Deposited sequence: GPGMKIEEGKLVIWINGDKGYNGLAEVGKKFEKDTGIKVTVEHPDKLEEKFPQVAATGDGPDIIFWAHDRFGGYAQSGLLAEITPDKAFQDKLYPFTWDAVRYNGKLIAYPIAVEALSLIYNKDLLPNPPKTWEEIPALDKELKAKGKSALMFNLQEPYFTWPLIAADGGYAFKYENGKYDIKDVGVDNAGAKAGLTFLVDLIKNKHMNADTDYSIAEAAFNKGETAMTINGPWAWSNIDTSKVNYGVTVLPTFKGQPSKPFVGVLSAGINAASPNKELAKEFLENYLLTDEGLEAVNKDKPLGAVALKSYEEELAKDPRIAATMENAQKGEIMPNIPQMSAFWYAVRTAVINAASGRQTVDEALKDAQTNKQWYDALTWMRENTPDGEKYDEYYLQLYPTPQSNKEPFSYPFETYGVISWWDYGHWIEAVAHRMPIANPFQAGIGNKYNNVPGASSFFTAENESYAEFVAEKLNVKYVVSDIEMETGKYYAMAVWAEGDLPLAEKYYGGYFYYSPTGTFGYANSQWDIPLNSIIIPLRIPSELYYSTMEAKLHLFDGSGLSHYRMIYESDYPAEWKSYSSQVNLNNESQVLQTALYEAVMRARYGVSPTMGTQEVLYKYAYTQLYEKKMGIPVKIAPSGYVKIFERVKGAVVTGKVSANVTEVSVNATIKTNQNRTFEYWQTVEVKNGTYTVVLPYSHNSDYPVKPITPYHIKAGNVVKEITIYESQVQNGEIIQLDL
């Protein structure tokens, strides 16, 4: 006979939830009513729902974290639910707040999720009730080869519960730079300054430290429990510590069930949810498949609560903050993530970090509003003639694009900046290129023939290039190491971390680059003068930075000892006022640091000496020299002395692997170019005890011609 259209309830839930258990509840409903219930778990259902809600594929009921439902309700996709007072009284009242758009309920709460304090009972049978207790506890444990506490410091989801504690921050606003946030962030950074925690501690490091028994406590959620069980750590889960007497405030996620505005069976959906799912029997079926954690239903929660871990989840959740809807949470996350990381790393003071977090949040909130309140929403989200422009100062264009999803008139991205994370050729991806092959990819795409670098690009501005290349402030931190200092006993030293520096030291306020920096194109070009590169040659350099032009009148710039002595002298002189060295001195210290820390591994020679403020290089095919290797060796080296137009000399080196009896080296300098920077020695090509000297014509370099030369 005829087909049927209102005969079924279609339910969508994510694949990581107990859908088989939910289907058992569906089977009971079907047995009782004859209405068949189909539980589906489509991939990306939370993205598909707004598209298909009104179609034949649309589900009658959708299960998801409450923080998507605001958006759904905003588009009119969810029916107002109508539970009576008796039914509302069956759930914890705070859970209903997660699904109320005021007055109106738009979903049924099912379960709640929040962070707890997790502790090792064998190291710490009585966990601390306050954050204030943690440093003394760490002192005790450090004596025994352990630490008190390790958790993910990289993500505001994990750090905000402490930062929000004082004043009990709630989302709309006070806002994020309020005095309570300053107190909490200050306490957090103090734990780092005093070595109770480490600023680079992330999720994986904290989880490994805890599950291998190295730290007494961690902060994490129910998703982390499985790995702990596997580790056989004797662990407990409990209420988060208070700060200044006030509860830590973790974000709360409430898994919720909304009813499709377009469903022709809203009353049956209500019946399924209220009288089948939200019962002890119903929640148990789902929970037995995959654990719901703490549930919104009081009667069942009181059964689950005999697992102390679940009791702890609910207690922290009742003390926490319902997570704001995704777009608000995102604006908050963007702003605060950088603040904590900058404060924790010493890039900024707590005050200035939270100050910028707040102003950044103003911008992110404004752009989020623009995204939801100006036309052509869905055409911009897939990110032509019928577009419009948003005009603002050029400093803001990338935010306008990334946050508002609108087209800025003044746009950083398309000013030839490019990036590394998406492989878009541009200045940032060229200068931070981690090998020449990558640099050549970028250069060829852009038809680069000349490179101009100054000492600012080498030093202070490199940071900006890395931020753009990585598309993120924190990600740029991997380009940097620690600090030079003089101890109170006069001993010169290097520390990976400022906090490892002895008290009363004189610290040179110049962050030294990490190994990664020295391998990038900007370093290869400006710091190493192009040494090692096959496709670039220097053709001109300007005069020295003025301070070094001046020093040269009383120091020999070719004596590394005198140069270093002079550099350290200036650095200390300025360091007493907390001022960084002059640019040329920064370069000298970068070179010195390389020779002390990284040269043994990387093997490129560099003289500790200053150099031209501005350097021009030409990009060339390079002359190819290749031949058989008769000597019993695995490498071939080529070197030449280059002299610039300032009469400074440096060494060009390149070393290649012998590949089955042959070598191939690509050389960018010629010996008859009309440029004022030129090699003043032939190339010296060495394979063991075999040494051969060669000079190259400019036509060979320009046309990439091949030279046969056996060794």
- request: Identify which parts of the deposited sequence carry no C-alpha coordinates, going from the N-terminal end onward.
  value: 1-2, 175-183, 395-411
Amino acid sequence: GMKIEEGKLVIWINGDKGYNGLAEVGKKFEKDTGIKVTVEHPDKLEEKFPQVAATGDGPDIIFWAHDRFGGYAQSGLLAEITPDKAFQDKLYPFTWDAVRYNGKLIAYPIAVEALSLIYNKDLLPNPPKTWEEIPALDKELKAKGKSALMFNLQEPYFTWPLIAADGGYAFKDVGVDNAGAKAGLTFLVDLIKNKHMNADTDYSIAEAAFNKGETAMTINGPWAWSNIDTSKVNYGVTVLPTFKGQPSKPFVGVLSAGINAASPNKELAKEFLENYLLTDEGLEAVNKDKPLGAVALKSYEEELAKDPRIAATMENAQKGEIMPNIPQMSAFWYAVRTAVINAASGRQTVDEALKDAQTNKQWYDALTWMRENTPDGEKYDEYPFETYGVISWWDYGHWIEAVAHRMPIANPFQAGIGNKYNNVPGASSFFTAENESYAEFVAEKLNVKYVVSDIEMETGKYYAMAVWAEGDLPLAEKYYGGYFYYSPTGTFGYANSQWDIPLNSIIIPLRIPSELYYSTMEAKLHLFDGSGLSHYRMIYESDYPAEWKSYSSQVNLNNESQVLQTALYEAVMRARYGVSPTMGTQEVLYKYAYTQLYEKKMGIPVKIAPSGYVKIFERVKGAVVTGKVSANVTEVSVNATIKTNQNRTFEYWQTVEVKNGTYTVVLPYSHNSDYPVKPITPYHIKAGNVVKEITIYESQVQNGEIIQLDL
From here on, numbers count along this sequence of modelled residues.
Which of 701-709 and 3-11 has higher mean CA B factor, as the PDB entry lists it: 3-11
task: Read off the CA B-factors in the entry, average them over 447-455 and over 507-515, and name the higher stretch.
output: 507-515
query: Say you rank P384, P241, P291, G426 by Cα B-factor from the PDB entry; which sits at the top?
result: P384
task: Report the option among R537, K182, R574, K601 whose CA atom has the maximum B-factor in the deposited record.
output: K601
query: What third of its chain, lowest, middle or highest, does the C-alpha temperature factor of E651 fall into?
result: lowest
message: Considering every modelled residue of the chain and its Cα B-factor in the PDB entry, is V658 in the lowest, middle or highest third?
response: highest
- request: Taking the chain's C-alpha temperature factors as the reference, tell me which third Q586 falls into: lowest, middle or highest.
  value: lowest
- request: Taking the chain's C-alpha temperature factors as the reference, tell me which third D529 falls into: lowest, middle or highest.
  value: lowest
- line: Chain thirds by Cα B factor, record data; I616 belongs to the lowest
